[PDB]
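Survey of secondary and tertiary structure
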Amino acid sequence: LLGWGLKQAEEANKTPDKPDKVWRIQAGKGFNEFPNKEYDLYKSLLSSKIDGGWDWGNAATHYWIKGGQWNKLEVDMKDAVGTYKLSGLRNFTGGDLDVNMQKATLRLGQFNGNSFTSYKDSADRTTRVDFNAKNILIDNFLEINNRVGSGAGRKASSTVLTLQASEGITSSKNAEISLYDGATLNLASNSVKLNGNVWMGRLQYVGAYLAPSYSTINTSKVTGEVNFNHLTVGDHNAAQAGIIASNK
Amino acid sequence: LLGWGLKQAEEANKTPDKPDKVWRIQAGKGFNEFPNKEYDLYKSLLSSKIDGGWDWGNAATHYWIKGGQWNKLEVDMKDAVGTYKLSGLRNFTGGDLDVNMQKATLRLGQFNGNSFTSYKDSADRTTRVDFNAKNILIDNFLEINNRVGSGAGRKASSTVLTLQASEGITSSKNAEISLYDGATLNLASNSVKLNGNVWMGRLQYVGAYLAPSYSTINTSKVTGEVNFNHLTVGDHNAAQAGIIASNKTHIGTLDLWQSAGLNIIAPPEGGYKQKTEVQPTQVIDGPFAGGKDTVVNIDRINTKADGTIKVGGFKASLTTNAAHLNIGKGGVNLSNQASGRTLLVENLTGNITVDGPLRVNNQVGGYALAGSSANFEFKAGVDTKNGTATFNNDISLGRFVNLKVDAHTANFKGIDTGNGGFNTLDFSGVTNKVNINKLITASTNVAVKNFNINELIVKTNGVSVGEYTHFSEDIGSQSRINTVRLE
Amino acid sequence: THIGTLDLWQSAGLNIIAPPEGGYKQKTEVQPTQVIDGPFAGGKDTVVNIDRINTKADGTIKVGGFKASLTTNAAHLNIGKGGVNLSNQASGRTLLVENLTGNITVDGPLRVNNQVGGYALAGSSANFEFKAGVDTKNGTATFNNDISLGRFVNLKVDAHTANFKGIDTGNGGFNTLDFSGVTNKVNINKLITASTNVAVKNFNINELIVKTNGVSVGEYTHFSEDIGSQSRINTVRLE
């Protein structure tokens, strides 16, 4: 009823949030001289200030930052050389990550998928999850603004994911990127080549066939060769997706 | 579930507290000219502003500072000469002592032990108990972050003890230092020599076998000769202790548990060193490489193995990033329940020089049953991939015991497994060479990619078949044997 | 009660109860008379024709077995031609075919892991167990089928007169063939043993086989209790 041209144009120009308790974590010595170690990133670094949990009402897991979903953290590596992976961060509510990893290969999926969601609070917040790796190499599925459990409990508000590599954002064959009703995606590397099922717009809930279900994959900064392989818009609804591409 | 490497790295960088009522006591005249008086320190000085009590719910005693557990005091002597003792401060909750005693010998135990605990409040406070004596001379047991009474009442949060002498922190024979789930310990003298039972990780409560139970003995500043005598990690749980040492650590008998970890960390190369709100920079540590002359001379590794039976072993382990991990003449023991226990003598960026007999159930042969597959395991130079695992003693493995060595060049002097059989003699991680000097096999699962075993024995194994020497992977190109001797 | 395939669990009980002999039949407050039952004896013609007993055995490992059991106070517990199966995890599972005031007439092969031999490892001591006529002490446990026990399987029969047709344990060895509860007689018709722990107080086993057991020693037929006065064997045959 609104249209995507209003929705993206009003979500692109926003202040991020106003969070209290800006946590700051710096990866000190130990990381920055083993170029091939294949670290973990959740357990070895991020699980100090990301706490799991259980939501009374349709939980499988439940992740936030620290003492609620309204607390920013940041990670400032800038020299940590190696290769990192998330591998299982599911139903992350959280809010305002930015894992600043220059010269660090990421891998945002291994043996288990990932998810980045928010909650429809009275403040109507986003997530603004950011990354700044060198390659990214998605390699397993990622569900942006998914359903948390099944229908009930707290509903899911909008989100923003930003992947800002500098050598390429590739993907594997079985990496289902599926962003939903409120989700966006900003890319800024060169030569995005997503060789998997990109799924803009999905049934967020079990029977709501009449949802608006907008999305956005704003590949605006991509100075190289955009290359999707399997794009799929909409599922049992009137989805209105939009890709602000980079003229190739 | 968190790991010790997160826990110590987040507890090492903290502001102490924000206490109201900073008491200040100065020891004036009277003390500072009797050099040999053998004072008391609690009764003659500290009991003016440390009040005892009773907690309704599992009390034996109850000590705090003044009007609650959130009040700092300090003692500023700086010239009081003599010898002082605590002798009976038990279940001290308190908070923020620092007994600044230059040129004053302490004695932190006489006829009665000591304890330093906190409470899990809504503020989640530490204790930060400090001392600044000249010698310390522990001489009776000290329980850091103990249980207050028995289970109920208020639970115990973290604590920090700091002992900062300048001539030596020794101990007596019956001084059981036993620090628990939240406790740390910082030492800064020269030549710590704890001749008693150091007990990192203990059952804090009566039945909670599933506690995390971390600890830390951060002997970082010790410019002399660290010397433990009897270190014991873990009790009926999965304790993950860690010792941030000062690149020379002779210890004595080490007694791990079934599932007890140990993170001995040598120093680096150059040594150490409505409204938004900005939390401070929480610098975290990764697994780094120790300096050049970092030596950890652990001389006996036992394991206390009883209890339940799990689907595997329990994988006792120690993790060292020093440039050497010498293990002396006591060798390696391994107690064995019905499932096969597992020992993981890991080394991140160093060597391993075991010079002792690999026992199991405290004998050299050590037969084990089929469900009890004992798993010795060595990891020499993991993250740098140029570490040797030299075993200068003639090892002897019995039945259902599974050595595995994942190193660069695993030198040996002799492997004798023909007595027991059914031995998984894995060498799959070996980069290039396994220079075994003597081999005795009956029914083995040897897997070497390149070697030169200059003596070989082909034994028989009774009358049964299906039991044989099985080089179950590729032998490569530079392989060699200088003597094969079938019997 | 003719039933068909019975599938117990590791720790599943079963109380089949036959009827009795004549068949069935501020302020205080009086609760009604709560008449309770004890374990009584069934009538004369009480028959429970269970024809196959399996066991689904997977899951955790406990310090013993788990002792699957069924408890019957009928005057007969006929077990037909399906016999007895017993799945076995790492610990030795246990089957308790109890009878309070009756007989047991098993006419089938005592399998384990669904084969007749059924080798089991040292920690897996499979424990067959029979209790024929407990509270009246005059119940026979007749096994009219030639049983066959492999390795680390432990039959025990606590009855009045445990008749048989043949016991064959010389193939497996390490078998605790207990008969300690037997009142007077164990009338085995054929015996094959290698390394067994037979404990009979009075018997007449009219055929005996003394097997060897490889080259190891410490493995032998061991009548590990008193043989009494009325004992008898009508044929011993060493091999």
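Look up: the structure comes first, before these words.
Reference entry: report on the structure contained in this document. (Residues numbered from 1 in each chain as written, not as in the entry; some residues may be left out. Chains lettered and ligands numbered in written order. Part of a larger assembly, values for the part shown. Heavy atoms only, no water.)

Points about the overall build of chain C
Within chain C, the regular secondary structure consists of zero helices and 15 strands. In terms of overall dimensions, chain C has C-alpha extents of about 80 × 45 × 40 Å along its principal axes. Residues counted as buried form 47% of the 239 residues belonging to chain C. When the accessible surface of chain C is summed, it comes to about 12100 Å², and 51% of that surface belongs to carbon and sulfur atoms. Averaging the locations of the 21 positively and 20 negatively charged side chains of chain C gives two centres separated by 1 Å. (Helix = DSSP H or I, 4+ residues; strand = E, 2+ residues; numbered from the N terminus. Buried < 20%, exposed > 50% of the residue type's maximum accessible area, 1.4 Å probe, protein only. Areas by Shrake-Rupley, 256 points an atom, 1.4 Å probe, with all protein chains shown as cover. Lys, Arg positive; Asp, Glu negative; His and termini not counted. Charge placed at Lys NZ, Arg CZ, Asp CG, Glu CD.)

Observations concerning the overall build of chain A
Of the regular secondary structure elements, chain A holds one helix and 10 strands. N-terminal to C-terminal, the α/β element order of chain A is α-β-β-β-β-β-β-β-β-β-β. Summarising its shape, the C-alpha atoms of chain A cover approximately 55 × 45 × 35 Å along the three principal directions. Taking all 248 residues of chain A together, the buried fraction comes to 51%. Nonlocal contacts in chain A, meaning residues at least 24 apart in sequence, comprise 77% of its contacts between residues at least 6 apart. Here chain A has roughly 10800 Å² of accessible surface; of this, 51% comes from carbon and sulfur atoms. (Contact = heavy atoms within 4.5 Å.)

Thoughts on a nonpolar patch on the surface
Residues and elements named next belong to chain B. Judged by side-chain polarity, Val458, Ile481, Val484 and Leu486 come together as a nonpolar surface patch covering roughly 320 Å² of accessible area. Assignment of secondary structure puts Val458 in strand β27 (residues 456–458). With relative accessibility at 30%, the residue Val458 sits in the partly exposed group. (Patch = residues over 30% accessible without salt bridge, like charges linked within 9 Å, V, L, I, M, F, W, Y side chains within 5 Å. Salt bridge = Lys/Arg side-chain N within 4 Å of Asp/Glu carboxyl O.)

Focus on the arrangement of the chains
At no point do chain A and chain C touch; the closest pair of C-alpha atoms across them sits 24 Å apart. The closest approach of any C-alpha atom in chain B to one in chain C is 8 Å; the two make no contact.

Structural notes on the interface of chain B and chain A
Residue-level contacts link 23 residues of chain B with 23 residues of chain A. Both faces considered, chain B and chain A share a buried interface measuring about 2100 Å² in area, 54% of it formed by carbon and sulfur atoms. Ranking the residues of chain B by area buried against chain A places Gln279, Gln282 and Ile284 of chain B at the top, with a combined share of 27%. Remark: the boundary between chain B and chain A carries one salt bridge. (Buried area = accessible area lost by both parts, 1.4 Å probe.)

What to know about the pattern of salt bridges
Proximity of charged atoms lets side chains of opposite charge pair with each other. All chains considered together, the criterion is met by 27 salt bridges over all chains. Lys21 of chain A is the partner of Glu277 of chain B in a salt bridge, and the nearest nitrogen-oxygen pair spans 3.5 Å. With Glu277 of chain B in the loop between β13 (261–265) and β14 (278–284) and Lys21 of chain A in the loop between α1 (4–11) and β1 (22–27), this pair bridges two chains. Residue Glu277 of chain B is classed as partly exposed on the basis of its relative accessible area, which comes to 37%. Given the relative accessible area of 33%, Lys21 of chain A is considered partly exposed. With its nearest N and O atoms 2.5 Å apart, the salt bridge here joins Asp55 of chain B to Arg154 of chain B.

Considering the sheet that holds strand β5 (residues 78–79) of chain C
Sheet strands pair via backbone hydrogen bonds, and the direction of the pair is either parallel or antiparallel. All names here are of chain C. Read across the sheet, three strands follow the order β5-β7-β9 without closing on themselves; strand pairing throughout is parallel. Each end of this open sheet is capped by a strand with a single partner; those strands are β5 and β9 (141–143). In the sheet, strand β7 (residues 104–106) pairs with β9 via three bridges, with the strands oriented parallel. Residue pairing across strands places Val106 opposite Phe143, the latter belonging to β9. (Pairing = 2+ DSSP bridges.)

Observations concerning the side chain of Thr46 of chain C
Residues and elements named next belong to chain C. One can find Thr46 in the loop between β2 (15–16) and β3 (52–55). A distance of 3.4 Å separates a polar atom in the side chain of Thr46 from the backbone oxygen of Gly43. Beyond its immediate sequence surroundings of up to four residues, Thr46 is in contact with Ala18, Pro19, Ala74, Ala75 and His76. (Polar contact = N/O pair within 3.5 Å; in protein donor to acceptor, adjacent residues only side chain to side chain.)

Some points on the pairing of strand β8 (residues 127–131) of chain C
Residues and elements named next belong to chain C. Counting buried positions over the five residues of β8 gives four, a clear majority of the element. In this structure, strand β6 (residues 94–99) lies alongside β8, joined through five bridges in parallel fashion. Bridge pairing links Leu96 to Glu129 in β8. Where β8 meets strand β11 (residues 156–157), two bridges bridge the pair, whose relative direction is parallel. By the bridge assignment, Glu129 is partnered in β11 with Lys156.

Thoughts on unusual backbone geometry
In this model, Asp124 of chain A sits at a positive phi of 60°, which is unusual for a non-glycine residue. Relative to the helices and strands, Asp124 of chain A is located in the loop between β4 (114–116) and β5 (129–131). Here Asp124 of chain A falls in the partly exposed class, since its relative accessible area comes to 46%. A positive phi angle, near 60°, is found at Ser213 of chain B, a position not held by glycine. Here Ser213 of chain B shows up in the loop between β8 (193–200) and β9 (226–233).

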